[PDB]
Amino acid sequence: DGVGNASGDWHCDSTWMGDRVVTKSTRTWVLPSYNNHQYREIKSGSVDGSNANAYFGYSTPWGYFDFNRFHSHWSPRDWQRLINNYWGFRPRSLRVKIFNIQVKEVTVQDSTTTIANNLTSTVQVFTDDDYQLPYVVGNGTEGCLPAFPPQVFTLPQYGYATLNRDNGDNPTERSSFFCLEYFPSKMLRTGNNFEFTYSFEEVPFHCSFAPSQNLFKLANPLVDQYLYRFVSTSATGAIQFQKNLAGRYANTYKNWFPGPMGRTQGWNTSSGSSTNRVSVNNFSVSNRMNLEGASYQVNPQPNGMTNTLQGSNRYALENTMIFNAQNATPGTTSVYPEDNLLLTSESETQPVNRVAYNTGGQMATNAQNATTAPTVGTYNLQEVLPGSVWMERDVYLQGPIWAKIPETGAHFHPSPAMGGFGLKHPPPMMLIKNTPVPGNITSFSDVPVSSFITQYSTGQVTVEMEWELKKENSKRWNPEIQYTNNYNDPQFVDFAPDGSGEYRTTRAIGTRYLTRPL
Amino acid sequence: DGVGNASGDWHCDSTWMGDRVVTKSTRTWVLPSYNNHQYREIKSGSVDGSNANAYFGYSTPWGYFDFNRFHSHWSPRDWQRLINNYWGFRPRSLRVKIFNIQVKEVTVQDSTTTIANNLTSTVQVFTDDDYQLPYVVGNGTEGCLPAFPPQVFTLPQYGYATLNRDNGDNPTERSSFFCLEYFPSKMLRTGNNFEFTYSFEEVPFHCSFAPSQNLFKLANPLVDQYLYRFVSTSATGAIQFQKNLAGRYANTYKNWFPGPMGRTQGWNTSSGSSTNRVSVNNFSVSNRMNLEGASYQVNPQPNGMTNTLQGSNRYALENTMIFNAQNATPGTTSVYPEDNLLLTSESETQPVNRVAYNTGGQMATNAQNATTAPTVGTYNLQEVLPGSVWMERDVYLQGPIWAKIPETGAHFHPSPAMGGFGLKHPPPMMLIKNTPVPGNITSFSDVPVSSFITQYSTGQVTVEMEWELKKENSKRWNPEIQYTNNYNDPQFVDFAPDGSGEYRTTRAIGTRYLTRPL
Amino acid sequence: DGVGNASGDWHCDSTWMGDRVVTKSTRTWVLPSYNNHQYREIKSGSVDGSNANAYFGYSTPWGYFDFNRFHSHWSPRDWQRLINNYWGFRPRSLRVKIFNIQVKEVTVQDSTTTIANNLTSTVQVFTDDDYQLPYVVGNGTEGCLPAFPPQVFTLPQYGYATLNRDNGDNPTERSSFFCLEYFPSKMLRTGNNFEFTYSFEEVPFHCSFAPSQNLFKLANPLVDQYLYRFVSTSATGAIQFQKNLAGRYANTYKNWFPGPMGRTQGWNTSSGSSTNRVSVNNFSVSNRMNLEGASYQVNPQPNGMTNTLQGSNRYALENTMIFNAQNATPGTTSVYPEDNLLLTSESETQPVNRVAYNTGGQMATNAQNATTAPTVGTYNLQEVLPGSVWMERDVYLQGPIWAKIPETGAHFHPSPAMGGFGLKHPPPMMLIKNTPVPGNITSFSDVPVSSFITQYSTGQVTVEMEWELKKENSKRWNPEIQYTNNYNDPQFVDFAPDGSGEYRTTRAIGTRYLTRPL
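Protein chains in written order, with full-length UniProt numbering: chain A, 209 to 726; chain B, 209 to 726; chain C, 209 to 726.
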């Protein structure tokens with residue numbers, strides 16, 4: 209529209225209206241000119257002695273907007289209002305708007321770097337509505353809209369891995385190259401803006417409640433069962449039985465079973481670090497799955513287990529989501545102690561989910577005879593069974609919202625391991641790049657020009673999300689557990705900027721506070 | 209309405225009308241004043257050396273109506289008419305009515321206990337329509353409407369277990385107390401009655417047929433497959449093949465597989481008791497699952513297996529439903545032989561379901577080389593796989609009808625292990641209690657009165673259920689197996705009262721008699 | 209209506225609908241025949257050496273329904289939902305219903321006490337709509353509807369004090385006798401019920417929030433004031449000034465002042481009991497007001513002060529509401545330690561209200577000269593001043609809801625000291641009594657009969673209250689403090705019945721959790 213007219217306003221807000229809540233976030237972004245306007249074939253061989261690290265892909269000159277983290281939409285107080293009062297929620301719609309674009313020309317001379325705006329430069333933007341591009345958004349990576357509204361952020365560079373040959377850095381006949389310029393995109397000069405809208409598919413509500421009953425103790429503790437159980441064999445081999453008494457939950461017949469489990473090693477946090485094995489390199493003794501001839505770690509394991517047992521300091525670390533308390537630099541290889549990190553605990557699900565670091569149980573391992581005694585053996589892993597129930601991983605304020613279900617034609621219970629909503633058609637990738645501007649070209653050449661004017665753009669982005677809420681409807685008499693701002697002798701305010709302006713966050717806030725009977 | 213006017217009639221009947229059958233049952237109940245009108249915190253530590261027996265809960269002064277057993281609705285003859293003629297059935301609706309209430313005042317003086325009616329006393333009744341209370345009805349417990357119509361029964365006392373801490377008798381911050389008086393209930397004096405109606409959710413038909421074909425022998429025995437199989441390696445290592453011939457079912461390619469299995473120990477009934485290991489305590493060598501740090505027995509195991517192999521006397525007792533031939537007293541710890549009990553056999557499902565006490569099969573356990581021979585190892589347990597089929601547990605005349613699916617947000621194939629229909633919203637809990645009547649209180653006190661007049665109530669209850677039937681539609685030429693009243697030299701009539709008036713039942717009647725090809 | 213027909217149902221519930229919440233409570237009561245149907249002149253002289261204890265009054269044969277406590281209407285969980293999510297609330301309407309009346313005849317013979325119902329006996333009920341009777345309901349006395357729904361309670365006996373002469377037990381010419389039979393009342397036999405409705409007058413919302421700013425630090429800490437202050441006098445007597453700098457809150461000019469205060473003694477709870485004066489009898493050294501020649505203690509003092517200073521263990525006990533953790537017997541004179549009681553803390557109001565046990569400040573006490581130095585003196589009490597602000601006492605789950613404003617024709621800020629809503633026309637007194645039934649009178653006499661049949665009645669009472677809520681509307685970013693069910697190593701569930709059936713309550717729950725800037 210115009211150089212001296214704003215193409216949009218600043219909208220950050222939450223509006224609660226019954227069973228709906230609309231969140232609005234606006235952030236300032238900055239887009240670098242990645243790769244110098246070129247596509248590059250990126251590849252890697254075996255790194256750290258693991259050929260599962262090998263890949264073949266492409267880095268593109270495009271950047272992308274990632275809105276896949278709860279804190280990009282929810283302030284800590286609104287999150288508290290959500291988890292203390294509702295049984296569940298789910299995304300309904302999304303509206304994105306990119307505006308107030310500013311393209312800057314950078315010029316370095318002799319020890320001098322000036323910056324001036326280029327009023328005629330454009331920025332290109334498109335959304336991948338048909339999912340024709342490798343969707344890299346739901347894999348727990350950096351670059352999402354920052355939690356704290358005033359924080360300015362750089363858009364991450366779009367890249368992808370395709371097929372590599374024999375766990376090496378070579379491509380195969382099936383490796384695919386995708387050209388992002390081969391999509392129709394809108395071009396924006398300083399007065400133009402871009403708007404996009406999207407609606408989520410019917411997805412089940414995330415469960416924001418913990419069970420107030422144990423799965424194996426659902427029977428009335430005052431009445432016996434009209435069922436009998438084999439208890440022994442007489443001195444002559446006659447089978448003997450007894451009635452299952454009231455309250456003896458170790459013996460009652462069960463109708464339902466706990467979800468699938470796969471044993472993972474348990475480690476003690478600090479209080480119990482003296483009981484941990486010393487100097488052990490976890491990779492060699494970790495849970496791994498094989499695929500195409502290589503072994504990959506599979507944290508945080510499939511859903512169905514609890515990583516800790518409420519009241520203990522032992523964690524099944526590979527079944528745990530681990531966040532940094534602060535934003536880290538790219539490529540850091542420092543070894544962090546637990547004092548800098550935020551460990552998540554899924555102990556609220558222990559009345560239903562089995563403990564990840566213990567054996568799942570025991571089964572018969574032979575045929576009993578008058579000469580051979582009955583034998584049992586414990587099992588470390590057990591997959592899904594008919595009539596089994598479990599609770600999915602909880603969502604966190606600083607964790608992912610959705611994940612795209614891989615299109616293969618066959619899947620089971622499409623719920624991403626890192627938590628969130630599994631979607632067949634998630635919010636489309638929104639790509640953006642600075643349109644190239646050639647330097648001073650005087651003569652002709654059939655070779656593509658390589659000399660460009662260095663630029664970078666900036667602007668604002670606003671994301672509006674409507675969420676549907678599930679009202680709590682309990683008849684519990686006594687008070688419930690609530691997430692509360694409880695600190696003893698605070699030296700600073702959590703979820704607030706400190707003296708240096710840095711946003712501080714000392715806790716990973718889950719969703720499970722309210723209870724429900726089974 | 210009035211003291212001298214009946215508030216309802218006696219309806220016991222079955223009406224067959226095409227693909228529908230309506231059952232009506234009326235019984236006389238008696239409600240004691242449980243706990244003396246108080247709520248009590250009930251708890252237990254480790255019992256019988258098992259901390260899975262520990263619990264923390266509440267016993268309430270309420271009683272409840274349980275209609276969750278087939279014989280509370282079906283006479284033995286109607287059950288026979290059902291299982292000999294239909295392929296399946298399922299619940300459609302339910303109507304309950306409580307009437308002809310009589311409250312009796314009990315007064316004991318010096319070695320004298322008189323009983324008079326209290327015309328002004330009430331009884332309180334409510335149904336938990338929103339499932340806000342711990343549903344204790346579908347866990348195979350006593351207290352259901354008796355099988356024989358003239359039998360008067362006592363309503364069981366409502367109680368529940370909530371969360372306990374570290375497998376002990378202490379509560380946790382999440383333990384929930386539910387006050388039943390915090391629900392709106394109808395109050396009834398002698399002339400009043402209470403009626404309730406409910407409709408079942410679309411649930412799949414229970415299958416009342418046995419397969420007349422084996423899962424691995426579905427191929428035409430007269431034609432070969434156009435498929436070849438690896439049979440060996442030559443003296444030089446060349447792989448060799450052969451065509452899969454007609455009728456050689458051990459070698460045909462299969463399209464479908466048997467359901468999941470988990471080996472359980474097998475024991476011989478009497479005929480073969482001399483081949484059983486002697487003096488063995490089953491608990492230590494039983495199939496158990498771990499949950500929250502404790503091990504629980506999980507009878508009757510998940511669906512997918514047959515507990516016996518038709519033609520043998522060996523049973524996988526932990527995969528078996530065991531009923532008493534008669535009603536037992538509360539808390540009995542006698543050790544019963546198999547002569548007093550009714551063992552159920554699921555052998556009709558053996559053409560499809562794997563045998564619970566045998567190994568499930570064998571798989572490769574290494575990589576074959578010119579130096580290492582191919583090795584295989586048997587597996588005792590195997591969970592669900594794509595393209596697998598199995599048959600659910602059969603229902604019995606003396607067994608449960610439904611079970612409530614635990615609300616967790618994630619489950620697989622919600623079919624209760626004890627058989628029946630898995631429901632998200634089952635018939636609501638119907639609670640009832642005698643309204644308290646204070647004794648002679650003369651002075652004031654801020655402390656709740658503890659002195660009450662002792663009462664108990666009685667009345668009639670009628671339950672009407674509509675069932676939907678699936679007609680048999682077979683082209684089998686020869687006669688089918690039918691359940692029949694066949695006894696040799698009967699000393700009494702089964703399913704009839706004996707000389708002392710006691711109702712006798714010598715057999716557990718299943719549902720699988722008709723056959724169907726796969 | 210009828211002997212065998214219930215005249216009402218049981219309604220206990222809470223229904224939240226936007227800015228309104230309707231609470232319903234039903235309880236069972238028992239009414240003794242107080243005084244044996246007679247009015248008695250009750251009086252007392254000086255008790256415990258205090259003639260403020262003298263009184264002259266009347267005890268009547270009537271009982272009354274008291275609904276003036278929050279826990280008679282709010283379950284602990286609904287209270288938590290209220291205080292964690294709203295900024296305020298206020299009563300809108302009330303509906304009361306008394307039904308299912310049962311009159312019992314008591315007859316004691318030789319060491320035998322039988323109880324039978326008297327179907328023709330009545331109970332009398334009336335409400336004092338015009339406030340013509342001494343309103344004894346809002347003075348923190350026992351007898352209200354019990355907190356726990358299943359608890360049966362005795363109605364307290366209605367009595368009142370009128371004028372006594374010279375602090376003695378004699379009446380004056382102005383002492384008034386009120387005959388309750390001189391009001392029209394409804395008579396109820398077993399089939400009848402009584403209903404009453406009432407609407408509250410526009411009353412201001414109770415404030416359920418704590419200030420997140422201090423009253424004396426409202427100025428921007430980054431900007432100075434354009435005001436100067438007198439700081440000293442030169443060596444020649446010239447007055448000198450300085451500008452009030454940014455953030456120096458000790459010197460900024462203020463626009464508002466803290467509410468009124470009246471120093472009360474401070475005492476240390478247990479942690480600091482070694483610093484308390486030993487063996488001191490509080491009455492002689494307590495805060496007292498004189499009236500009609502006698503001195504009365506005036507706990508909990510007028511509004512405007514905080515009784516504790518967050519972070520300390522010292523309490524201004526006379527400015528504190530003290531509840532028992534359990535119901536106590538009538539007339540107990542035991543000396544309780546703080547381990548049995550629930551002390552309330554108003555520290556949330558300290559940013560605005562002055563500390564009750566410290567001096568209020570200091571003022572000039574002379575006229576400065578070249579010979580006399582300026583002198584200041586501290587003041588222990590200070591009443592209301594123009595431009596002063598304070599916060600009223602908080603309400604508790606176990607405290608009073610309203611108080612009747614004394615009709616005198618002149619009052620200031622009608623807010624009861626014990627907290628709650630001050631009303632000119634509060635819910636009317638609801639009186640009830642057992643109609644007298646003469647014994648066997650054979651001959652005539654002009655003297656009123658004294659021989660009566662001993663009876664007592666019982667029934668149910670339901671109270672429905674509509675409350676209006678004030679939605680929280682904050683822009684605070686970081687999480688707020690919330691009331692939470694947090695206990696470490698619980699041996700029992702708080703706000704739940706224990707093993708003996710007794711309802712336990714270990715905490716007084718206030719209303720101030722959310723914050724607001726000033």
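Where is the CB? At the ideal position from N, CA and C, for every residue including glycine.
Nearest-angstrom Cα separation, counted from residue j out to residue i
i                      : j        : result
C/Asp602               : C/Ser416 : 8 Å
residue 736 of chain B : B/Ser319 : The question about residue 736 of chain B has no answer here: the residues shown for chain B are numbered 209 through 726.
B/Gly628               : B/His414 : 8 Å
C/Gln690               : A/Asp702 : 15 Å
B/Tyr272               : B/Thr567 : 44 Å
B/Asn347               : B/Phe531 : 14 Å
A/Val238               : A/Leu363 : 6 Å
A/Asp286               : A/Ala704 : 14 Å
B/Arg373               : A/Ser503 : 40 Å
C/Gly445               : C/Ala578 : 8 Å
A/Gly470               : A/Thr714 : 31 Å
Residues sharing a beta bridge with residue i, DSSP
i                      : result
A/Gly257               : According to DSSP, A/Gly257 bridges with nothing at all.
residue 727 of chain A : For residue 727 of chain A there is no data in the structure shown, the boundaries of chain A being 209 and 726.
B/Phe334               : B/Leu639
A/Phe531               : A/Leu550
C/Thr666               : C/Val238 and C/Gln310
C/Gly216               : None, per the DSSP bridge assignment.
Among the options, the one whose alpha carbon lies nearest that of residue i
i        : options                                   : result
B/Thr537 : B/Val230, B/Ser222 and B/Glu350           : B/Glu350
A/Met497 : A/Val506, A/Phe491 and A/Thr328           : A/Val506
C/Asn511 : C/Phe531, C/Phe703 and C/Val560           : C/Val560
B/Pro635 : B/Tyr247, B/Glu389 and B/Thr335           : B/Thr335
B/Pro429 : B/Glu688, B/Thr444, B/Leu453 and B/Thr670 : B/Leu453
A/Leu589 : A/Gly467, A/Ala716, A/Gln433 and A/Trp218 : A/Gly467
B/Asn244 : C/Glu710, C/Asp654 and C/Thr540           : C/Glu710
Residues near residue i by beta carbon distance below 7 Å, same chain, minus five either side
i        : result
B/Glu676 : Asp227, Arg228, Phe297, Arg298 and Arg300
A/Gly474 : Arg522, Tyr523, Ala524 and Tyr565
Neighbourhood of residue i by C-beta distance below 8 Å, restricted to the same chain and skipping five residues each side
i        : result
A/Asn521 : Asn476, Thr477, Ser478, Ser479 and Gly480
A/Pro582 : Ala572, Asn574 and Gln576
C/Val411 : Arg298, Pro299, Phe629, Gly630 and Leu631
Residues near residue i by beta carbon distance below 6 Å, same chain, minus five either side
i        : result
B/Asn484 : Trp475 and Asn476
Contact between the region 682-699 of chain A and the region 365-381 of chain A (3+ Cβ pairs under 8 Å): no
Segment contact, 8 Å Cβ cut-off, at least three pairs: the region 323-333 of chain C with the region 299-314 of chain C: yes
At least three beta-carbon pairs within less than 8 Å, the region 425-442 of chain B to the region 656-676 of chain B: no
The region 545-563 of chain B touching the region 546-560 of chain A, judged by at least three CB pairs closer than 8 Å: no
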